[PDB]
Amino acid sequence: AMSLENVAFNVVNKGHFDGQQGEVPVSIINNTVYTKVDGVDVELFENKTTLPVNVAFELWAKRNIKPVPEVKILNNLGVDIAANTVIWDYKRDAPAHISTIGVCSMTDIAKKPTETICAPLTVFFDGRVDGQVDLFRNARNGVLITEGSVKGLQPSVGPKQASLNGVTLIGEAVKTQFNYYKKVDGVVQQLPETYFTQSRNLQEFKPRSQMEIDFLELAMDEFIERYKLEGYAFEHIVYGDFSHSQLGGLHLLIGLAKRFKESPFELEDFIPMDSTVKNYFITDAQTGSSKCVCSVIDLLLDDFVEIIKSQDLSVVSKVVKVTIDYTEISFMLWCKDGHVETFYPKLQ
Amino acid sequence: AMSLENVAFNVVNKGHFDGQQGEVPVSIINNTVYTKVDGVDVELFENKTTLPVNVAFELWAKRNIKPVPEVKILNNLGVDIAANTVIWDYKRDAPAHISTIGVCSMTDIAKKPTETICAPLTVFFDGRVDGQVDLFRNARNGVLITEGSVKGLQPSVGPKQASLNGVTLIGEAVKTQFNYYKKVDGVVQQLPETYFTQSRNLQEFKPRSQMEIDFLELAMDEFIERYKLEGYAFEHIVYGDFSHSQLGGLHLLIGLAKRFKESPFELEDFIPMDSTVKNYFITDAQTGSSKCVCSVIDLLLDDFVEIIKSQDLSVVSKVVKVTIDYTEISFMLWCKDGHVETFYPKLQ
Amino acid sequence: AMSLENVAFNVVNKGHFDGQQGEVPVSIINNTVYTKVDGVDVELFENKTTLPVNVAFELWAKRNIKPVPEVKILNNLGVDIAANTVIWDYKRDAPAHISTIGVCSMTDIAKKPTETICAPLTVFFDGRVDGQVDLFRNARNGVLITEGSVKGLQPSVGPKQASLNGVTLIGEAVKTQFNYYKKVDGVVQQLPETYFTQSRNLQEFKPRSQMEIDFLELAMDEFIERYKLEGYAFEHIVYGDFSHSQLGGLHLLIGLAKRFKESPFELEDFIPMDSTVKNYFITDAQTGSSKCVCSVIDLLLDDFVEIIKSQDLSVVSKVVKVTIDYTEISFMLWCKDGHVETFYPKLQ
Amino acid sequence: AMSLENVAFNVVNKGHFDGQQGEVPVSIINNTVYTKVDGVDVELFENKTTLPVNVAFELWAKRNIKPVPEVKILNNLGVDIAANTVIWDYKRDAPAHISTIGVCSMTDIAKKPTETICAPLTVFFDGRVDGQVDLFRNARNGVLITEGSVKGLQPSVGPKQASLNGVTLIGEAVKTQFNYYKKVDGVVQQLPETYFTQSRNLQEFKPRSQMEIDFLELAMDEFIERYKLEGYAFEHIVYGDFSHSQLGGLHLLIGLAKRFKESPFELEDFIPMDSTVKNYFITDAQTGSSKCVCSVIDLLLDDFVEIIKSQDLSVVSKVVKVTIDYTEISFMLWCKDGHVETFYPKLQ
Amino acid sequence: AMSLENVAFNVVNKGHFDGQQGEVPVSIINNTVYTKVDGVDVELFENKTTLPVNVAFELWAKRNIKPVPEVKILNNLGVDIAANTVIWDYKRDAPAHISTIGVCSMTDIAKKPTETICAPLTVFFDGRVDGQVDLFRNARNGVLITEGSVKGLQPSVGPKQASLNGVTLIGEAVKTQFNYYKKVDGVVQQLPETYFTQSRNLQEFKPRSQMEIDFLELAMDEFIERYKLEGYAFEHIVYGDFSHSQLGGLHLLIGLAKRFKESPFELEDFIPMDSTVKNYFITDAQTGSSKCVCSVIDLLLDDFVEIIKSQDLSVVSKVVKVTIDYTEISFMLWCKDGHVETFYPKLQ
Ligand SMILES: O=C(NCCN1CCCC1=O)Nc1ccccc1
Ligand SMILES: O=C(NCCN1CCCC1=O)Nc1ccccc1
């Protein structure tokens, strides 16, 4: 028996929806859900979504609390809907998907993914739940994650990191690295080779390789010498050029991280969502150098070096395409006399 | 298991809350409650109250659907709260009372009126419900209505009319005339002798005596002859004086009713609530005569004639106290040379 | 170049969206759309829907302004979505359908109904628009209306009336009677033989046969004689029984219409939507007789007489299925000793 | 000491703001102002404006409650702001003007109209208020109304009607016909000779000449004979052509009034504001004839007859400028072979 | 003379309500109070409460700005209402109590606590205000704080810390340690022996004893050896077990504080209010260990040790009750073979 008051009961007593019976008094004012605790109202939930406040409250309560793929991964794989769960998008404070399957009466399109209305949609299946590797088998379109091998299917090994209650982390007490599988029109796909973004914070940035350690601890000239990077324009692309009104380059998160230790800057996240490439309007506080659209990606520096060192440097400009987080990321590569001028995620 | 979706279920299938089991999907957006019917949202309730939308919805659904006293009566008797029901105020689209007893977990101050929190409050009891005469006897403060005699309790015969789902009516297939009883500080009170207002509309006004049919079809001069009203200023008080910019008199609803059939006028109900005396800012459309605060009362003309003729006409001005709807209504009486100049419900 | 200000321009200059170029300044505050006219804001639209205010505004502006089927018809035929138009539901002040095709960039699931996302949806097609008969033929699921014959397609003659800008009417300068066609899973379906509800108002009800003029001017006993209705309980079913607290019968709109001319009553439309059978919580103002769920249908009395006389009167109770507005309407038939006790649209 | 609670006090006790001292408790929730009356909240004001709720409340309370020009007049004269009063626009439920002078601390641009910020604005002055004729003389831009002669100032006799608390009326106990005066750039302007619209309702329309009683009771053919209107196309312009899907003509309010008594129609007021010419999207309920933009004007039929007969009928099409309500109203005149085809307020 | 504008004047000029005369212009839009400073609007207050925005604005303005008991203390002592002040709940951004006494017209139940409507309520009295120790004397139910002894009453010495404008602190320039007294039904109570929570921040945590210094600076094994804590399971209860999917133990704030220095984690405060035991849904960023309901209490480690060392360790599981902040806190104690397995504030 689904009810606003029982959803609130679960939130209050179990920290999320947990199928427990019970009711607490609830009041809804504008976009906020309150409950009464000893005669005073206590806020349980502020609706930041475009859904009705009580609907969004229920979907948030029923969010998946196990490590799940980051939304950018799901989006890049074309996932339209999840099977019997809600992937909560913590970057948008909203459900990652419009509709649900067997979750909520206001948003459900079906109780089970085997219903035909689900056949065209790419359904997310979680092999850690009994019976869902088998539902993927009968599913026309879908994406499946597992922790171990699936007899009859070659896996695509995903990123090391997953999202646990909006914290992106590499699990040590839980597994966050999944096998990925995908089916389009009943056919198991071969997922492409792909790099993975590292999903790190500017504030909490930690190197994950000796080259990244070398990048953070060495001066610019030393690092470029040690990894034989003359002519690839890391001065511009990675370190950043702060001498002109328009900030130069600075497209790799580790380069922002290094700069942030020395002097601060504003990153305006004008499309706040999870995505492989992030666009920021950045203002450098020390110099006043700024750029309206500064595309930023968090690649392992190692991976970025391999990408730029695997390009032909003999044309003035061209589009370079790189599979990242399973999607095709277009870069612009600009060269002159056989050296790199700039190289950036294309602003398209 | 009380819930928003169960309240909405009852509204959809039963027209109001009826204790039935069931749920329907509900979405709340701003102050409106919707439910899904074949994929589209249908409005069930627009919150016009100062309570949270889902709370007001529940109280409205749980409104008393039997004939009940008009809110003006309950207010005049000092009613603060109702025992195990909601008196819906259809003139304010809101509960007549702030709190409940045994109705709603958000507004309940108690489950039963015997709880000591209810002792200082004047609780409304309905003798048509098993056990509530006894609860009145045990209550420190209360008002009781019954359809018949309560042994030992001296009754007060109430108005003929009651409110059935916002419709004020004199019952024929149902009983609307109750005995009234009141207790203050554990002690039953004598209810005063009283007139009752008739609760008629301006649009569909109907006379209720030979005098009132006479007033509506006789011209002003022949009516005043026949009922020997010379010197009592019904020309001003009842018929209304539209010759000056300030509209004169016009304090009896029947007088407004006579005028309305001839030429229309505007009545701004600037304090929209049920009360024994109503105040309107009135604008005569024919003449442009107007008055910011025109107090209007709907007495049977008979009763008004009795009241005014009862009066000493030998003082210039004096307050005249008349008991109407159990409350004491002050009138201003202005005389000169043994005749009435004006007589109107005193503006406070 | 589609835009809010261009939609508002069309509304101001053309009365609705008309493809014209232009812009007017618009301000949006809460659910209201305003435009500046000589320095002051003028309301263009109040959002009563569950869509965002500017989206609802655009859909309303793009509403079909030709005669279209009443929403109850489209619902009864399973219509999910309209091809390249908006059917505005004037009884809900909202779009009849959640999504659009080729109307609005926020609600479009497709630009053209041939897109595969539309295949499982029953698409409404309008043969008066070039190319939409062909799109119906190619659609997996659909409902089509036409003004004339479609070669090979067996037609169903629809109701005489259609909705023109929220006004239900039988056209004289325009055609409102359409042929109807329906496809399920690629296969054209036989539409059933059916009665049609008459879609009349209680206030401005007008008879449409000699029987109906007879009902309105004959007294109850002489009408029942003349049409040999003894034992069929029109005293209860149609005329209504106001003698007890629960209002008896009164399930034909014409019966409500007869009563209304005598004495008024309240009809709470607690599920305000277009449907073949309406449910009202009704309160008779004269008697106080009332009923929480009074199902009402507007059949031509002729048709209702035909239906009830068609029935076997030899069982105590049974469900009786009648096709009305293309949907199957269950009635409860209660008999005793070969005469009718009651007969009413079954409450579900 | 100006305050929200003092404004509310005046509304409760005086029907509007009246300078009285006092306070009542007020609660504001969304756009609604409430006050406490015996423990329950009573709505005083619903904000329909684009101003903050408490500001709109104060301006509404301080509305001019004397007869004032209709907003269409003030707009046609270029009035931007009022001197020390609020002209409430009852057709928009909003102030007629954005800013105030000496009314409200949130909307005041000045305390007195002599302040230089007011010089470029056309200030409305009311000669019935001490000192405002003089303020008009000193104002750079202004419009003045008076009840009598102003020495030296050549008057313009205004319409018979004015607006008293939203009621448009020709005064009998009050004066509603004013002299009008206007100043632009310090220089008094000649106001033009002008017709005036009659400002009548469709529902309660009343004729105001022998011609207009003739139009309402004569059939179309005998009226057109008697007033020798052959060849002037009142069949189209005034009576209206309901035979085709596009409703023909019907541009005089009296013509709509004649039709309305026969059969109803819908008038969507899609730009709801006071103006000399109104535009309606009209749907004839009887025929289904409709028109997206039907311009309607309420001229005395006499005046309209005078206007159309004044015209040269020897050109196919031409713009015809007529001064109405002081503004210049363009008509389209379409002729053929020396007779009128159509004549309508030109859509801009 | 109370007014919205004078409340705003005090906020602008005195930083809070201070009884000063004056007015500033105010606009209220949705839940926000603005004032005009040189022609632009400046936000004064965003309503986060369930009260009307202007009411909450006034109660916030009139908040107590002296050190006051933390709300958890007041709640645990059953305080229903404060005498002539507002205890602002900074954890809920709301009044700590529904109603007021002599503070605000919309929420006052009385001007003085001696009124009889206050007799059943437990009223908070502040001995630092003239006359309130005496009002407590005549009060039926109440709680009283003082800075010094009260002749005739044995005190309960409260916590060292109090709340000054939402900052919990141990006063050095002001006294924050109060004497507590309580009366139920006219009888001065003996307040129980009690521990006190320390009310510290995870970010700003400072030790308040040598044992707490030892806990933060020593490694786990050393600390447990030094204070002879083998067998009491501080490894689990205090330090936390981060090796399993479900985070183990971690119920004492100092243990969270120690962990936060090394590596960060998310504490989701899903019931944001002041209370003796806090429930968090915690996600450890380093490991991915998490727990839906992790009850946390900030006891002086010393105090926690004394509690756990004063329990019988010879039953598998039982409820341990400890008076903390004057309320009864139930703990669950789990043992095996005479040693502690876990010990946590009971999730009930
Ligand atoms: O699903 C799988 N093959 C697609 C099966 N088909 C045939 C055509 C329609 C359809 O769905 N294979 C699979 C096997 C083990 C584990 C998970 C998946
Ligand atoms: O209040 C006090 N005793 C309760 C007095 N009673 C008797 C029964 C009713 C009632 O209230 N005592 C007290 C003395 C000094 C300072 C503060 C308090």
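This deposited entry lists X-ray crystallography as its structure determination method and 2.0100 Å as its resolution.

A.B. asks: Would you mind showing me how to read the overall build of chain A here?
C.D. replies: Looking only at helices and strands, chain A features nine helices and 21 strands. Across its three principal axes, chain A shows a C-alpha extent of roughly 70 × 55 × 35 Å. Counting over 348 residues, chain A shows a buried share of 55%. For chain A, the share of sequence-separated contacts (at least 6 apart) that also reach a separation of at least 24 residues comes to 49%. Surface summary for chain A: the accessible area is close to 15400 Å², and the carbon and sulfur share equals 48%.

A.B. asks: Any chance you could explain the packing of helix α1 (residues 4–14) of chain C against helix α2 (residues 53–61) of chain C here in plain terms?
C.D. replies: A pair of packed helices is characterised by two quantities: the angle between their axes and the separation of those axes. All names here are of chain C. Axis separation between α1 and α2 bottoms out at 10 Å; the angle between their running directions is 40 degrees. Accordingly, the angle class assigned to the pair α1 and α2 is oblique. Judged by the sense of rotation from one axis to the other, the crossing of α1 with α2 is left-handed. Contacts between α1 and α2 involve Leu4, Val7, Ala8 and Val11 from the first element and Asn54, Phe57, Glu58, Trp60 and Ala61 from the second. Here the contact of α1 with α2 is composed, by residue class, of seven nonpolar, one polar and one charged.

A.B. asks: Is there a simple way to think about the interface of chain C and chain B in this case?
C.D. replies: The extent of an interface is frequently quoted as the accessible surface area lost upon association of the parts. Contact with chain C, which involves 30 residues of that partner, is made by 29 residues of chain B. A combined buried area of about 2300 Å² lies between chain C and chain B, and 58% of that area is made up of carbon and sulfur atoms. Close ionic contact of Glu268 of chain C with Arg63 of chain B constitutes a salt bridge, the shortest N to O distance being 3.2 Å. Taken together, chain C and chain B are joined by seven residue pairs in polar contact. Elements represented by at least two residues in the side of chain C that touches chain B include exactly β16 (265–268), β17 (278–284) and β18 (290–296) of chain C. Among the residues making up the side of chain C that touches chain B, the classes are represented as eleven nonpolar, 14 polar and five charged.

A.B. asks: Can you walk me through the site of ligand 1 in this structure?
C.D. replies: All names here are of chain A. The full set of residues close to ligand 1 is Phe136, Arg137, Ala139, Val150, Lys151, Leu153, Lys183, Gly186 and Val188. Taking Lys183, its side chain carries an N or O atom lying 2.8 Å from an oxygen atom of ligand 1. Starting from 440 Å² of accessible surface for ligand 1 in isolation, the protein chains cover 63%. Its residues assigned to classes, the shell around ligand 1 comprises five nonpolar, one polar and three charged.

A.B. asks: Got a minute to help me understand the arrangement of the chains in this structure?
C.D. replies: For chain A and chain C, which are not in contact, the least C-alpha distance works out to 8 Å. You won't find any contact between chain B and chain E; their C-alpha atoms come no closer than 8 Å.

A.B. asks: Honestly, the packing of aromatic side chains in this entry has me stumped. Any pointers?
C.D. replies: Note on aromatic pairs: each is described by the distance of the centres and the angle between the planes. Residues and elements named next belong to chain A. Tallied over the full model, the rule gives 68 aromatic pairs over all chains. Relative to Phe223, the ring of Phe215 lies with its centre 5.4 Å away and its plane at 90 degrees, an arrangement referred to as edge-to-face. By relative accessible area, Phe223 is classed as buried at 0%. Of the aromatic side chains, those joined through ring pairs into one cluster are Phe215, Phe223, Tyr227 and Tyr239. Over the ring of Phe136 we find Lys183, and its NZ or CZ is 5.4 Å from the ring centre.

A.B. asks: Please explain the pairing of strand β18 (residues 290–296) of chain A as it appears in this structure.
C.D. replies: Each regular strand carries side chains that alternate between the two faces of the sheet. Residue and element names in this part refer to chain A. Where strand β17 (residues 278–284) meets β18, five bridges bridge the pair, whose relative direction is antiparallel. If you follow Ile282 over to β18, its bridge partner there is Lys291. Between β17 and β18, which pair antiparallel in sequence order, lie five residues; one of them, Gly288, sits at a positive phi of approximately 80 degrees.

A.B. asks: Is there a simple way to think about the relation of the copies chain C and chain B in this case?
C.D. replies: The pair of chain copies shares a relation made of a rotation about an axis and a shift along it. Once chain C is rotated about the relating axis by 120 degrees and shifted along it by 0.0 Å, it coincides with chain B to within an RMSD of 0.0 Å. Both copies are brought into coincidence by an operation consistent with a three-fold rotation axis. When C-alpha positions in chain C are compared against the rotation axis, the closest is assigned to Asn30 of chain C, at 5.7 Å.

A.B. asks: Which parts of the structure should I look at to understand the sheet that holds strand β20 (residues 327–336) of chain C?
C.D. replies: Residues and elements named next belong to chain C. The strand order β19-β20-β21 describes an open sheet built from three strands, whose pairing is antiparallel. Where the open sheet ends on each side, the last strands, each with one partner, are β19 (317–324) and β21 (339–345). The mean angle between the axes of side-by-side strands here comes to 30 degrees, regardless of whether they run parallel or antiparallel. One ladder, built from six bridges, connects β20 with β21; its direction is antiparallel. Following the sheet pairing, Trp334 is matched in β21 by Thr342. In this fold helix α9 (residues 301–309) packs onto β19, β20 and β21, with an angle of close to 125 degrees to the strand it touches most, β21.

A.B. asks: Help me understand the site of ligand 2 in this model?
C.D. replies: Residues and elements named next belong to chain E. Ligand 2 sits among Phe136, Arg137, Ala139, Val150, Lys151, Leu153, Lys183, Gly186 and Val188. Contacts to ligand 2 include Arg137, whose backbone N or O atom sits 3.4 Å from an oxygen atom. In this structure, an oxygen atom belonging to ligand 2 sits 2.8 Å away from a side-chain N or O atom of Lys183. Look at ligand 2: alone it shows 450 Å² of surface, and the protein chains cover 63% of it. Taken together, the residues of the shell around ligand 2 sort by class into five nonpolar, one polar and three charged.

A.B. asks: In this structure, what is going on with the state of the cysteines? I would like to understand it.
C.D. replies: Any covalent bond linking the sulfur atoms of two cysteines counts as a disulfide. Residue and element names in this part refer to chain A. Inspection of every chain in the model, using the stated rule, returns zero disulfides over all chains. With no disulfide of its own, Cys104 lies closest to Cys118 among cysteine sulfurs, the gap being 15 Å. Take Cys104: its relative accessible area is 3%, and that puts it in the buried class.

A.B. asks: I'm lost on the nonpolar core in this one. Help?
C.D. replies: A general feature of soluble globular proteins is that nonpolar side chains tend to end up buried together. Ranked by internal contacts, the top residues of the largest apolar core, which has 64 residues, are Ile28 and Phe57 of chain A together with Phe57 of chain B. One finds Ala56 of chain D together with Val7, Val11 and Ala56 of chain E within the second-largest nonpolar core, a separate group that totals 56 residues.

A.B. asks: Please explain helix α5 (residues 210–217) of chain D as it appears in this structure.
C.D. replies: It helps to recall that an α-helix has 3.6 residues per turn; residues three or four apart then point in one direction. Residues and elements named next belong to chain D. Residues of α5 that are buried: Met211, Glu212, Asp214 and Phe215. The buried residues of α5 all sit within an arc of 155 degrees when viewed along its axis, so they share a single face. Away from its buried face by more than 90 degrees, α5 exposes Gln210 and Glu217. In this fold, the buried residues of α5 make contact with α6 (220–226), α8 (253–262) and α9 (301–309). Sitting at the head of α5, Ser209 places a side-chain oxygen 3.4 Å from the backbone nitrogen of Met211.

Cut-offs and rules
- Residues numbered from 1 in each chain as written, not as in the entry; some residues may be left out.
- Chains lettered and ligands numbered in written order.
- Part of a larger assembly, values for the part shown.
- Heavy atoms only, no water.
- Helix = DSSP H or I, 4+ residues; strand = E, 2+ residues; numbered from the N terminus.
- Buried < 20%, exposed > 50% of the residue type's maximum accessible area, 1.4 Å probe, protein only.
- Contact = heavy atoms within 4.5 Å.
- Areas by Shrake-Rupley, 256 points an atom, 1.4 Å probe, with all protein chains shown as cover.
- Axes fitted to C-alpha atoms, helices over the stretch in contact; angles between N-to-C directions.
- Parallel < 35°, antiparallel > 145°, perpendicular 65-115°, else oblique.
- Left-handed = near helix turned anticlockwise from the far one by under 90°.
- Nonpolar A, V, L, I, M, F, W, Y, C, P; charged D, E, K, R; others polar.
- Buried area = accessible area lost by both parts, 1.4 Å probe.
- Salt bridge = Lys/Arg side-chain N within 4 Å of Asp/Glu carboxyl O.
- Polar contact = N/O pair within 3.5 Å; in protein donor to acceptor, adjacent residues only side chain to side chain.
- Near = heavy atom within 4 Å.
- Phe/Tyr/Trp six-rings, centres within 6.5 Å; stacked < 30°, edge-to-face > 60°.
- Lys NZ or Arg CZ within 6 Å of the ring centre and 35° of its normal.
- Pairing = 2+ DSSP bridges.
- Least-squares fit on C-alpha atoms.
- Disulfide = S-S within 2.5 Å.
- Core = buried A, V, L, I, M, F, W, Y, C linked by side-chain atoms within 4.5 Å.
- Arc of directions from axis to C-beta.

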